[PDB]
Asker: 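So that we are looking at the same thing, I have put the structure below in structure tokens.
Lettering follows sequence order; numbering is per chain, from 1. Any value given below was found using the heavy atoms of this structure, including those in side chains, with hydrogens, waters and symmetry copies removed.
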Amino acid sequence: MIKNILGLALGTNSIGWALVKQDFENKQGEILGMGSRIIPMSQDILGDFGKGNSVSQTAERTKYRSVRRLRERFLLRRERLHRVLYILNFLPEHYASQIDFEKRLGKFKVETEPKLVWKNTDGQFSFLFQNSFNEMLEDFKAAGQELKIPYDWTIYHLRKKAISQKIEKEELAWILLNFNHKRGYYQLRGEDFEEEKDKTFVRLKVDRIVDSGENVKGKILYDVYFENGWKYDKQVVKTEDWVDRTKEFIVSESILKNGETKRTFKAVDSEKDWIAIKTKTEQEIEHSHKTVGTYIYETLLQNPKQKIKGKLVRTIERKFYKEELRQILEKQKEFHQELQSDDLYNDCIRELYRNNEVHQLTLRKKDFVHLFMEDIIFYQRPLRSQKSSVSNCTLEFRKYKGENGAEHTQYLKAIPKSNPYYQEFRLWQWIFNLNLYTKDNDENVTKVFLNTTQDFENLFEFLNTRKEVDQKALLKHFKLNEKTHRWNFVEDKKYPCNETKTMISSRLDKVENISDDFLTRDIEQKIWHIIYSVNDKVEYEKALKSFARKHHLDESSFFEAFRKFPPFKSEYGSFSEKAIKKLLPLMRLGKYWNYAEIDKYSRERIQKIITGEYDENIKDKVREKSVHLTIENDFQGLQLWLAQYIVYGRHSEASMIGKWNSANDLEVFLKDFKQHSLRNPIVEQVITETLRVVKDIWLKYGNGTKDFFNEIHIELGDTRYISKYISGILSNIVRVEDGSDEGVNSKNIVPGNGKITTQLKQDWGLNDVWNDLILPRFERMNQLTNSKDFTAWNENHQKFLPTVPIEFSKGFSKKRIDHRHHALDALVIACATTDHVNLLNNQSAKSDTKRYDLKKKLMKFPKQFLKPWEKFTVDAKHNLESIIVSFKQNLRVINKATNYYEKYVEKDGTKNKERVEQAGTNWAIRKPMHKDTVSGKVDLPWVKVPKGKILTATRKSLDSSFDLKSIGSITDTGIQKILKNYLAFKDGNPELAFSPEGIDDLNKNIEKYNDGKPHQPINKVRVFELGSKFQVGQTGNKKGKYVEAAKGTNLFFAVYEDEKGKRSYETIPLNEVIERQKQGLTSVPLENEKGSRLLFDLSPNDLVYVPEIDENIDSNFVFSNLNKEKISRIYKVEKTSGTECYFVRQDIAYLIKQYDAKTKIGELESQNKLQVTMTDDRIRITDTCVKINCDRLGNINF
RNA sequence: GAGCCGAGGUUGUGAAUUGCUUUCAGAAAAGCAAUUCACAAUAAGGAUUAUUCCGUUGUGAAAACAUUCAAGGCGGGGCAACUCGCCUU
DNA sequence: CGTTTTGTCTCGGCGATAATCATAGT
DNA sequence: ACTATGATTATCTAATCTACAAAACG
């Protein structure tokens, strides 16, 4: 008689909501409220989530964190090297004196940038190793190239020299730190692949293409021939790009069973493919029979202009660097007696690991080579453990009491699917579920071949010894054949058959020289634990060797068989090991079944059920189903449900009765909600704000009372996954406890479909109200474009109709330009009653009389439905007209940071490693402080710099986009002159002049374009810009880094006021906000230098009201009489810069036509947002703007 | 969702070579650079000495948190710290 | 001032299937 | 001798703008 319905139009970043209360029997009803809540998301995410490309803020934050973590790990390696070398007395005096060895161990002292080789004496820098540089000079002159080379090329000369000769200890420290910089490519798993692993990179020329007579797709395929005698494996069709073309290949070879090389082919081109580049560099290094450092040194000797870093050696295997460093260290150990000193080694080991005695005792047996190479520099951490994220068992729970005097439950981790207990349980399940059917008549031929316990025991034994069962093997075990019988499932599908024991038996038979009885249950599970738990190469090898030593087995072929065992797939079952251990005695039948192996609880329950007594834990359905279990002997080969109830006492997942009687339950559920509980963060964010909106509606319109929402309709109109989880969550509100409403989702949740929505919109005229609601925008567009092509006349409706020209018909749709369409969708979903959706989903009647009553009740005499009440369209249109869209504001600028770090804490006279919280106050910046690109400050005497601005320059690649205007912005004038000369030579055509071949030609003959004077090659140039860029920081060289504010970081636009009436405008930078908020002050300075008082500041996604020109709003207040014209004048802050504050009307979501530089037209001009009102008055908003406050429901918070 | 790593790029310091402009006076210096090398920083900053980290996630007024969390015993694993399991509150 | 035009850090591995080559039972 | 099944690599795994901040221009 009176019923409350709420509708939610969930979107990708929007939440449209509505609430209706209708009396259907009297054709009465009304809309309590409507609105649209918007979470600010850019169109990039909305266009990327459909395909998927790193669509997550958390993903970008994680990428930044990973880069940082690599940086601090490199820095920590450098600090440890500094400490060790200072103990060894290897650092130079000037470099060591600027390193802190007492408070911040190994770190540079503040405001210092020392260099290991550049000694700063009384203002002049001198190279530390003059003798080595001189030796390199005679080396170069013997190569006959030049005598003027950089000092810092000595690193490679020393790297080559250190292989076989003595070098100075400071040079050795330089080498060690340089090795710490560049480490190489390495795969942590290792697991050396096939012994051949050819993967050779070659260059071959095609000789002949002989037709092979294979016609496919109306063309006879051909093959390829090479000079060495190799045939390209695949067929070739296009002969134009294959005749005598020198393609490069990564050819792979492998020795097969027959004993010949199966040579594949992989067409690849260098300098664009990582694999080809790496393989070519590695082959060049290896065929020279020299280390990477020696190869680099000789290459640089041959071509002094060669780019080393990033051109010559980009990415090579870490083994090359490790071999070079090992050779250097073993050679230098023979000369430097510090590296052979045990006392110095003990001092180093104590300094590094003073509180870790075990690691000290471990490293006491090694030497400095292992410390520098294996321990410090090339130490790579293993993958972080993820066993804490494993899903928990749903049945077996452990309860305990903590120190807080409470009692919570500790969950049990799920058993791995490959655990032999899980394998046995799954095999028993598959045997129980297995039955046979005949091909002839499709009759239940089973129960004759599998009737007694002997048959099932034989089948279990047969399946135990195999790894995968199929049609033919299972048929042959029963002597049946494919031509006469089938096994009730997919004929060409195979099932797991306890493969683990199969491989275990195979590898325990491969070792031989043992009896065929060593494989038992305990030994099998021990080998399982050894292989699975110990996931590390050397650890696994040592574990296997020690296991073979403990048990009387030969450790010769057992280790060899088990050393290359394939890793297990990461998977876990639904239950835990305890659950399967308890269920298996029930599963087992025959000789594997015994009553003594069933635990006390299940045995007692079985005794009770067979006795027939009355117990509270036994349901009537149990006696209905377990009636056949009269004797305890019948409890053999029971199914999963039976055994589950016997062990526990629950008929499968029985769910709970989650009913919430007040908004406080919803509030605490919000408090207890967990992050990353769904598919992606987008949906969890949307639902978080969704139920928050639901809580706000509940509080506002029902005071949080019980059973306020009689029904909730959720429809959306990829995104299907969020059509049911939300229904389940909100079933806690719309559930009925009388027993007639049962299930995971309450019957009060009725999601719909698009057909009903469209039909009711057309019949009730929601399309009409939307059209004449959006028409004024199109009339304005016609007036702006002084044409009549944005509105189409029709005579039946005697009015205009919004439309777009075909040339602007790319992706325009009328239902996506205004944010109120979310509210419209929510309203149409909410009002779709059960009768309406039933009628429009089951229109197929099979008889006109059966559905004629619904025709009489709902539609007017299939033409038109009755409106829900007399004025449904009218008041629906009014409610759309009086909606203030609520926009979420993200004003998080700083936040409190919590850091927990492991540490040795002195406890009870002993040092034990534990976790400690960081002391003091540490702030976290929640916004991107600046853009990635970094520019330097320069001053140009030929550029007039106005006061308040600076010149910043950065390096750019020289390309075809360098015209006269672009050339004029280069900081240097020599390059400007040269480029102007070259461009004049090429008839003023940047495309021809600055093409890569054109750039190469310019660099070849740069003398002719420089008035005959030599110049270095030009590939990149520095271009300046006259603007306002701020410094990154204040310490070290961070002062010299000038950056630009990141996207969406101008959060504040302050308008300052004098006593006269004049307004002044200024946008607050982010760093000032940081300082003011961390000092506890207000975000915006309430005072300028001139002394003007602050009126207010504007922030993005904030709503302001612009009064009419005649109105004078100073202390009007009265924010209840917001009729249509008032909301029509509400504007939203979009972006700000300098003295400009751009606005878009709050209703507007997407533009009718975005501005394009070609047509030079747009709805809101070039910026797609105006500093003035859209109407004809065209008045500056900031001159008379007054701020309004909106809650989540869009009400005015006066 | 997260973890283990890698290669460049950018700004700055230092250096070798070569340019444009200016001031001294073809010498010297400065501003702006180009090719190559070493190094520093790589979001401002804050702890720590563990082979540990927190800083572009989200919540909300507490400038508080979630994103980490017990006790014991019965075990596997290594040179072992540590890690992987079982058992009861 | 009002308005439009231009620039913005980028690349690798730790992947999936599809297709041909073998390869024993039949 | 024919068939179906077990396995290595080749091929692909997409195809990307958006919109703010501000210098440049009229």
Asker: Kindly indicate whether the side chain of A:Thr62 and the base of B:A2 share any N or O donor-acceptor pair separated by less than 3.5 Å?
Answerer: no
Asker: Specify the residue among A:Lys494 and A:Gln43 whose closest nucleotide of DNA chain D lies further upstream toward the 5′ end.
Answerer: A:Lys494
Asker: Taking a pair to be Watson-Crick or G-U wobble with both distances under 3.5 Å, do B:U35 and B:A62 qualify?
Answerer: no
Asker: Mind calculating the distance between OH (A:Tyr353) and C1' (B:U48) to the nearest angstrom?
Answerer: 16 Å
Asker: Which whole number of Å gives the distance between the P atom of B:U68 and that of B:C84?
Answerer: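 Per the computed distance, 15 Å lies between those P atoms.
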Asker: Should B:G58 and B:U67 count as paired, given that a pair must be Watson-Crick or G-U wobble and both distances must be under 3.5 Å?
Answerer: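 Verdict: no pairing.
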Asker: Does A:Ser66 place a side-chain N or O at less than 4.0 Å from the phosphate oxygens OP1/OP2 of B:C4?
Answerer: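 For A:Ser66, the contact criterion (side-chain N or O under 4.0 Å from OP1 or OP2 of B:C4) is not met.
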Asker: Between C:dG12 and B:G9, how far apart are the P atoms? Round to whole Å, please.
Answerer: 16 Å
Asker: Report yes if a side-chain nitrogen or oxygen of A:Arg692 is closer than 4.0 Å to either non-bridging phosphate oxygen (OP1 or OP2) of B:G60; otherwise report no.
Answerer: yes
Asker: Between B:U36 and A:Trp153, is there a base-stacking contact, meaning the centre of the base's six-membered ring lies under 5.5 Å from the residue's ring centre while the planes stay under 30° apart?
Answerer: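 No; centroid distance or tilt outside limits.
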Asker: Between B:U18 and B:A25, how far apart are the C1' atoms? Round to whole Å, please.
Answerer: 22 Å
Asker: Between B:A15 and B:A81, how far is it from one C1' atom to the other, in whole Å?
Answerer: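 To the nearest whole Å, 47 Å.
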Asker: Check the phosphate of B:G19 against A:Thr973, side-chain N and O only, distance under 4.0 Å to OP1 or OP2. Yes or no?
Answerer: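 So the side chain of A:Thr973 is outside the cut-off, no N or O lying under 4.0 Å from OP1 or OP2 of B:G19.
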Asker: Report yes or no: is there a donor-acceptor pair, N or O only, under 3.5 Å between the side chain of A:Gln410 and the base of B:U89?
Answerer: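 Per atom types, the contact qualifies.
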Asker: B:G6 with C:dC11: Watson-Crick or G-U wobble pair, both contacts under 3.5 Å?
Answerer: yes
Asker: Is the aromatic ring of A:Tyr900 within stacking range of B:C53, meaning centres under 5.5 angstrom and planes under 30 degrees?
Answerer: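 A:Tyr900 ring does not meet the centre or angle cut-off for B:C53; no stack.
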Asker: Within the structure shown, what part of the strands sits under 4.0 Å from A:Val938 by heavy-atom distance: base, sugar-phosphate, or nothing?
Answerer: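 Touches sugar-phosphate only.
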Asker: Is A:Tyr151 stacked on the base of B:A38, meaning ring centres closer than 5.5 Å and planes within 30 degrees of each other?
Answerer: no
Asker: For B:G85 and B:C74, is it a pair or not, if I count Watson-Crick and G-U wobble only and require both distances under 3.5 Å?
Answerer: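 So B:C74 is base-paired to B:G85.
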Asker: Side chains of A:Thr58 and A:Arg61 only: does a donor on one sit below 3.5 Å from an acceptor on the other?
Answerer: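 The criterion, which ignores hydrogens and geometry beyond distance, is not satisfied for A:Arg61 and A:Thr58.
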Asker: To the nearest Å, how far apart are A:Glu396 CD and B:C87 P?
Answerer: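 After rounding, the reported distance stands at 8 Å.
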Asker: If you measure from the P atom in B:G60 to the same atom in B:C5, how many Å do you get, rounded?
Answerer: 36 Å
Asker: What's the gap between B:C39 and B:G6 when it is taken at their P atoms, as a whole Å value?
Answerer: 15 Å
Asker: Want to settle it: does A:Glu1134 or A:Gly1027 sit nearer the 5' end of DNA chain D, counting the closest nucleotide to each?
Answerer: A:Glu1134
